[PDB]
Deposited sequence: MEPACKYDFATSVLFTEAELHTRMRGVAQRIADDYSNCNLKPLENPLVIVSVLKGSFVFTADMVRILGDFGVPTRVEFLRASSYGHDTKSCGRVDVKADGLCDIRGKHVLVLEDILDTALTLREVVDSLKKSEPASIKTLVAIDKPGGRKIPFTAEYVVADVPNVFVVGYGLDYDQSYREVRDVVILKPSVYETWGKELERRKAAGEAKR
């Protein structure tokens, strides 16, 4: 047993560890955008949330950004010309999605574009791509939780965990 979850071989990042890492990222974002005079209504940071599972990351991250004085408005994948855009994704793997999203948003002429991902899987790149902000790295191993799914289940798990091979083989 040892692992808290009967469906996981091991826990990689707890909810608390993820929030701690996300607070470190939020401090950097607060400093990086301090010369942008972000304000609710007049000038929020535009959060563009990409991929269905990212709703969890996105919910926690905007709240933490608020704790740090970075006000936001959210879009899920418009009116962004001259606004700062921060694309959120719960997992960066091949980078094919984020490359397409970033390139498409540039056509709307935002004042700036950066990306922030909860889980970077550098081993999966099919094109070169570096996110400006990375909460945590994961090696080659199939993880679920914190919004990340296996066949639509286990997104609600509060930690990022390694899915036990027996689960997806059988399924």
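- Mapping the modelled residues onto the deposited sequence reveals missing stretches at 1-2, 80-101, 196-210.
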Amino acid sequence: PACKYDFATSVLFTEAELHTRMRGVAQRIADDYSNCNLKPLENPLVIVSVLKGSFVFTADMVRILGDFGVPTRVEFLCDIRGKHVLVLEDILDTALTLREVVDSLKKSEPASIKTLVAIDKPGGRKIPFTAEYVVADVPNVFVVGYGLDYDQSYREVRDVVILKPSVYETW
From here on, numbers count along this sequence of modelled residues.
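Under this definition, the rigid core comprises the largest set of C-alpha atoms superposing within 1.5 Å between the forms.
- In 8 other deposited structures of this protein, superposed on the rigid core, the segment with the larger root-mean-square CA displacement between 46-54 and 111-119 is 46-54.
- Of the other entries compared for this protein that flank it with modelled residues, all give atoms for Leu88, so not even a third lack it.
- Among other deposited entries of this protein with both flanking residues present, at least a third omit coordinates for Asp79.
- Taking only CA atoms, the mean B-factor in the PDB entry is higher for 127-135 than for the other of 127-135 and 54-62.
- As listed in the deposited structure, the average C-alpha B-factor of 152-160 and of 5-13 is greater for 5-13.
- The residue among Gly69, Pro40, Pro122, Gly145 whose C-alpha carries the highest B-factor in the deposited model is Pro122.
- Looking at the C-alpha B-factors along this chain, the one for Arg99 belongs to the middle third.
- Per the PDB record, residue ranking by Cα B-factor puts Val141 in the highest third of the chain.
- Placement of the Cα temperature factor of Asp93 within the chain: middle third of the modelled residues, per the deposited record.
- For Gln27, the recorded CA temperature factor ranks within the middle third of the chain's modelled residues.
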